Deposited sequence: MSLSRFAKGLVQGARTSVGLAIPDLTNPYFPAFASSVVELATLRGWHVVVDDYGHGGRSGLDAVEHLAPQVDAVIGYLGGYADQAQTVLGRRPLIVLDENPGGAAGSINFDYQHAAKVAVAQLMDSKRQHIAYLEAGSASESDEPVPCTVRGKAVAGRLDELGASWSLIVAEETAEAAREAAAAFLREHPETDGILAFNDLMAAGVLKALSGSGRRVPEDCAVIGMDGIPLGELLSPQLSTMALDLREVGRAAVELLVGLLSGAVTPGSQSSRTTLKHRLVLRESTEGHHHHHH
C-alpha cells in the first residue's frame, strides 16, 4: 500500500489553487504516492471539515486551511499536517511567505516609475485585514506615499467593479497593487473599460504568478511564486516529517518562501 496524502484547498475557482495542487500532485505522484484533493469551498465547509473528511484515508495532509492548524493537527494525531500561509500553531509543518519582502519589491517598482497616486486592492468585504495587505500598507506608510485602500471580494468581477468605482472618484490613480493575480485581471478590465492605457496611464502589479497572467492583454506584471518551488517545499518537508529527519513543530519544520518580481506589459520597467 502506498502513502496517501490529502490536499486541502479552499477553492478551485481562483486559478492559484489548481496550479498549486497540480505541482504537489506531480511531485507526490513521482514518489509513487497517491493524492486526493478536497476542494472545500462549498456548503459552508471549512479547512477543518476538509481534514476531518480526509483523515481516515490519508497518512498526511498538506493544506491551505484558513486558520485551523491546531485543531486539524489534533484530528490527525501523529500524521503530519503541513499548513500554508497561516500561523503554524501546533501543526507538524508550515510553509509561509515573506510578505514584507514582496511589499518592498512591488512598491519599489511603482516608485521607480514615479507613480504618485497608488491604490492597494485588498481581498475582504478602512483598514487592511490581511497579512500581505498590512505589509503593503506598512511599506507605503514608511515611504510616505500618497495611497488609498480598496477592499473587494476576492473575484475578478468584484475587483473590476470596485476598481471601476474607485477610478471614478479618484481619476488620477496611476499605480494599482492587487491582493492577487485574479483580482488584478479584474483591475485591468476596469482600466481598459475606463479608457486608460496600461501601463502609461496606470500600472498594475499582481501576486501569485498564475499562468493566466501571460494570456492577458496587457500581460500581468506580478510578484510570482515559483510553483515548482512551493510544491517541492511542501513535499520535501513531508518526506522529512514522515522519515523522522524533521521534528514536528521545530524550527526546521517551518519554511519561509519569497516571491520574485516578474515584469510583463502592465508595468514600464
Just jot down which stretches of the deposited chain sequence have no CA coordinates, in the order they come.
-> 1-13, 139-144, 289-294
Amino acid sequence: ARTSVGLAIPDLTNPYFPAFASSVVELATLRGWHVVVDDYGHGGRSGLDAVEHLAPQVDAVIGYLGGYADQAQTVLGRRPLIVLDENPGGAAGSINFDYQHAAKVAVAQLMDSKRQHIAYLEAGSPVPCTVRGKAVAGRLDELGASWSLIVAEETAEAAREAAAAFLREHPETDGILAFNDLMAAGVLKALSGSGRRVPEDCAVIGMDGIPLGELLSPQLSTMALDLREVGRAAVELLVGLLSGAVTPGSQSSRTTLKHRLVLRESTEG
From here on, numbers count along this sequence of modelled residues.
Check the entry's C-alpha temperature factors for 66-74 and 49-57, then say which stretch has the higher mean.
-> 66-74
Would 187-195 or 134-142 have the larger average of its C-alpha temperature factors, as given in the entry?
-> 187-195
Highest recorded Cα temperature factor - choice among 92, 105, 121, 158 = 158
Which of these has the highest Cα B-factor in the record: 176, 81, 129, 182?
-> 129
Quick tally, chain-level thirds of C-alpha B-factors: residue 262 sits in the middle
Lowest, middle or highest third: where is residue 231 by Cα B-factor in its chain?
-> middle
Chain thirds of CA B-factor: placement of residue 243 | highest
Can you work out whether the C-alpha temperature factor of residue 202 puts it in the lowest, middle or highest third of the chain?
-> highest
Assert third(CA B-factor, residue 23) within chain per record equals lowest
